[PDB]
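To start, the structure itself, in structure tokens.
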Number of protein chains: 2
Amino acid sequence: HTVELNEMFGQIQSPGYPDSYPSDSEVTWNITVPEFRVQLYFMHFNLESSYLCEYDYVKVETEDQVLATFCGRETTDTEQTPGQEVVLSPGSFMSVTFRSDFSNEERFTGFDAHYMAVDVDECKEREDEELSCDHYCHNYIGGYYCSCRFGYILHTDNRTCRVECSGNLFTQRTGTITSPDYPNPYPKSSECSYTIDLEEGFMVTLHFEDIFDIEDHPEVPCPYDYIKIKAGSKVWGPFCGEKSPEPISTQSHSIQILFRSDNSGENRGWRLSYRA
Amino acid sequence: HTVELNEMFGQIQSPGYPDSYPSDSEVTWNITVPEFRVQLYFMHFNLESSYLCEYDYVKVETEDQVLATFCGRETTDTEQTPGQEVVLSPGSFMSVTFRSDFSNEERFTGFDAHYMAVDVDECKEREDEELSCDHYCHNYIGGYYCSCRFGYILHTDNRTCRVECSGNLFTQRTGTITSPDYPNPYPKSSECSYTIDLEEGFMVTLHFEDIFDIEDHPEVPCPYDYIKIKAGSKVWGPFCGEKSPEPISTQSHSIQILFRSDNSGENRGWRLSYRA
Ligand SMILES: *[C@@H]1O[C@H](CO)[C@@H](O)[C@H](O)[C@H]1NC(C)=O
Ligand SMILES: *[C@@H]1O[C@H](CO)[C@@H](O)[C@H](O)[C@H]1NC(C)=O
Ligand SMILES: *[C@@H]1O[C@H](CO)[C@@H](O)[C@H](O)[C@H]1NC(C)=O
Ligand SMILES: *[C@@H]1O[C@H](CO)[C@@H](O)[C@H](O)[C@H]1NC(C)=O
Ligand SMILES: [Ca+2]
Ligand SMILES: [Ca+2]
Ligand SMILES: [Ca+2]
Ligand SMILES: [Ca+2]
Ligand SMILES: [Ca+2]
Ligand SMILES: [Ca+2]
Ligand code: NA
Ligand code: NA
């Protein structure tokens with residue numbers, strides 16, 4: 001017999017329970033909960049004892065993995081009997097398999113068990129350091145969601161937290177510009193625009209101070225994050241890595257700057273200055 | 001503004017949040033979950049400080065009870081500010097009340113909070129020693145249910161555990177009869193029938209030995225549990241209390257016995273004997 005249901009919980013007995021389970025009986029149960037993990041325990045366990053539970057037995061098994069097997073009598077110690085132990089499936093699926101091989105010598109009362117559903121905690125994260133909340137984790141029953149620190153705006157991915165850097169321009173002859181939340185790690189999934197223009201008769205110079213930190217690779221030139229600068233009709237970039245690019249001078253009075261940062265990385269960002 | 005919704009959880013901000021909450025603002029929120037208790041915490045708290053939070057404030061209040069009040073700034077210590085503390089409603093209802101009295105001197109950013117639902121555990125029972133599981137408690141998410149020990153049958157009340165004593169008769173001249181699971185407390189909500197008949201020429205005698213324990217009152221004669229015996233056309237009973245009734249003889253060969261036990265009480269029951 002193959003029986004399948006869900007609810008939030010359930011009750012499962014051996015055939016003929018509380019009385020002795022019939023000979024050569026083979027039964028299976030598929031158990032699923034949508035957002036949760038399956039928890040199961042045994043209120044009563046009495047079965048035929050054998051070597052590695054070959055004859056009579058109960059088997060807790062997931063899709064790709066077998067969780068456990070149980071047989072024998074709960075009264076006898078040093079057994080493989082489940083007793084008061086509680087089996088919990090990693091995934092949202094659990095399958096139970098009861099088998100009576102051929103015949104019982106002495107009649108065994110069988111087993112009585114009860115399952116239920118348990119909320120997966122994504123703040124404890126279960127499986128850890130996978131795709132998960134950037135800043136703030138919030139776990140409700142049957143799922144979770146994320147939020148951001150004051151000043152940070154939640155990105156469309158519902159996971160990472162971005163900021164708005166596009167609202168700034170620099171008028172003065174001299175000054176110093178940084179990355180958002182410098183020296184601290186720059187906000188993920190963000191595009192920053194820094195524009196500097198001057199009245200004619202002024203040539204503009206640029207220098208990189210302090211620490212320079214951007215996620216990079218010995219491979220192709222800055223696939224993840226980068227900085228690129230536009231002066232007149234000519235551009236300079238992309239720039240990344242630990243080593244800061246050498247100081248650069250620009251004839252034109254008009255300069256635009258782009259700093260793009262991806263969804264990943266803890267990289268701390270940069271700082272530079274400008275004078276005419 | 002009066003806003004009400006449920007889901008499993010939610011997010012609540014002050015008016016105009018993250019920016020300063022407008023002057024003379026008064027808002028209320030009704031929050032309900034069907035089977036659960038309402039849990040609430042604050043991710044951000046910034047409000048106008050005052051005496052006992054008279055001016056600007058947030059108020060967590062149930063139907064018949066006020067849970068807490070909060071005001072001031074989270075940055076300042078020795079405050080009444082909620083901070084990292086978590087408010088939990090005893091019942092399934094929670095109401096939030098935000099008020100800005102008249103006007104802000106300095107603009108306060110307001111507050112950001114998140115609620116959710118939490119399973120009521122009936123095995124820990126919350127409020128304890130109320131109507132609850134006789135033998136075995138099982139708590140799932142959003143409710144519970146009960147079961148019984150091996151040999152006990154669950155009564156229609158879904159709570160108490162009964163037994164079937166009606167399937168026994170006593171043929172022999174001499175013998176001793178007891179209550180179910182004697183000396184241990186008799187099963188609740190049960191009706192037991194013990195029948196004894198003999199061939200003619202025999203008169204039957206009765207005596208009460210050992211302990212005699214039945215739930216009773218100095219008031220009216222055994223409203224809760226009792227024993228009553230039927231011999232011929234005459235009856236004897238009801239009998240209860242600690243003191244056992246005196247030995248009784250019966251002319252007739254036919255005797256029927258009834259022992260009725262209610263939903264309550266731990267009383268241990270009785271034992272007696274019969275000889276002809
Ligand atoms: C029950 O689970 C088994 C495990 O492999 C699967 O083969 C079978 O199709 C499932 N049946 C139902 C009705 O889900
Ligand atoms: C993000 O959350 C919103 C909720 O408003 C939902 O509509 C959207 O489908 C979600 N997208 C992703 C990629 O999770
Ligand atoms: C909200 O709760 C208050 C508390 O007394 C009650 O008076 C009001 O009727 C409730 N409104 C709704 C829509 O539930
Ligand atoms: C007891 O549980 C059964 C479930 O089969 C339900 O139908 C019935 O209404 C319940 N009665 C009480 C008094 O709880
Ligand atoms: Ca067998
Ligand atoms: Ca969850
Ligand atoms: Ca990065
Ligand atoms: Ca005010
Ligand atoms: Ca519950
Ligand atoms: Ca009683
Ligand atoms: Na930075
Ligand atoms: Na008893």
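Each chain in the structure tokens gets a letter, A, B and so on, in the order shown; residues start at 1 in every chain, and ligands are counted from 1 in the order they appear.
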
Could you give me, as an NGL selection string, every polymer residue with an atom at most 6 Å away from an atom of ligand 12, counting only C-alpha atoms and all ligand atoms?
-> :B and (179-186 or 268-269)

Surrounding residues as a PDB file with N, CA and C atoms, in the first residue's frame, ligand 8, max 8 Å, only C-alpha atoms and all ligand atoms:
ATOM      1  N   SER B  23       3.988  66.155  12.075  1.00  0.00           N
ATOM      2  CA  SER B  23       3.430  66.646  13.325  1.00  0.00           C
ATOM      3  C   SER B  23       2.006  66.147  13.549  1.00  0.00           C
ATOM      4  N   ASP B  24       1.604  66.100  14.819  1.00  0.00           N
ATOM      5  CA  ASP B  24       0.253  65.725  15.259  1.00  0.00           C
ATOM      6  C   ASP B  24      -0.312  64.486  14.554  1.00  0.00           C
ATOM      7  N   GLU B  48      10.494  61.366  19.992  1.00  0.00           N
ATOM      8  CA  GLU B  48      10.593  62.462  20.943  1.00  0.00           C
ATOM      9  C   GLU B  48      10.539  61.951  22.378  1.00  0.00           C
ATOM     10  N   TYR B  55       4.032  62.672  25.093  1.00  0.00           N
ATOM     11  CA  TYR B  55       3.993  63.461  23.866  1.00  0.00           C
ATOM     12  C   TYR B  55       3.988  62.583  22.622  1.00  0.00           C
ATOM     13  N   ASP B  56       5.147  62.015  22.306  1.00  0.00           N
ATOM     14  CA  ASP B  56       5.275  61.106  21.176  1.00  0.00           C
ATOM     15  C   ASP B  56       5.542  59.713  21.709  1.00  0.00           C
ATOM     16  N   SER B 100       1.995  61.203  17.658  1.00  0.00           N
ATOM     17  CA  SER B 100       2.748  62.442  17.787  1.00  0.00           C
ATOM     18  C   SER B 100       1.793  63.492  18.341  1.00  0.00           C
ATOM     19  N   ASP B 101       2.103  64.026  19.520  1.00  0.00           N
ATOM     20  CA  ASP B 101       1.176  64.910  20.226  1.00  0.00           C
ATOM     21  C   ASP B 101       0.778  66.147  19.415  1.00  0.00           C
ATOM     22  N   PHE B 102       1.723  67.062  19.227  1.00  0.00           N
ATOM     23  CA  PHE B 102       1.461  68.326  18.559  1.00  0.00           C
ATOM     24  C   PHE B 102       2.512  68.611  17.492  1.00  0.00           C
ATOM     25  N   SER B 103       3.752  68.831  17.917  1.00  0.00           N
ATOM     26  CA  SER B 103       4.821  69.160  16.984  1.00  0.00           C
ATOM     27  C   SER B 103       6.182  68.699  17.488  1.00  0.00           C
ATOM     28  N   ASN B 104       7.075  68.391  16.555  1.00  0.00           N
ATOM     29  CA  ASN B 104       8.440  68.023  16.896  1.00  0.00           C
ATOM     30  C   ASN B 104       9.341  69.249  16.956  1.00  0.00           C
ATOM     31  N   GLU B 105      10.171  69.320  17.990  1.00  0.00           N
ATOM     32  CA  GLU B 105      11.165  70.377  18.092  1.00  0.00           C
ATOM     33  C   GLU B 105      12.268  70.070  17.092  1.00  0.00           C
TER      34      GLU B 105
END

Would you mind listing what lies within 6 Å of segment 69-84 of chain B as a list in words, with only C-alpha atoms counted and same-chain residues fewer than 3 positions away left out? residues 45, 46, 47, 48, 49, 53, 57, 58 and 59 of chain B

(request) Specify as a PyMOL selection string all residues of chain A found within 8 Å of chain B, counting only C-alpha atoms. (result) chain A and resi 8-9+18+116-118+140-141+150

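Checking B:61, B:164, B:121, B:197 one by one against ligand 3, counting only C-alpha atoms and all ligand atoms, you find the shortest gap at B:61.
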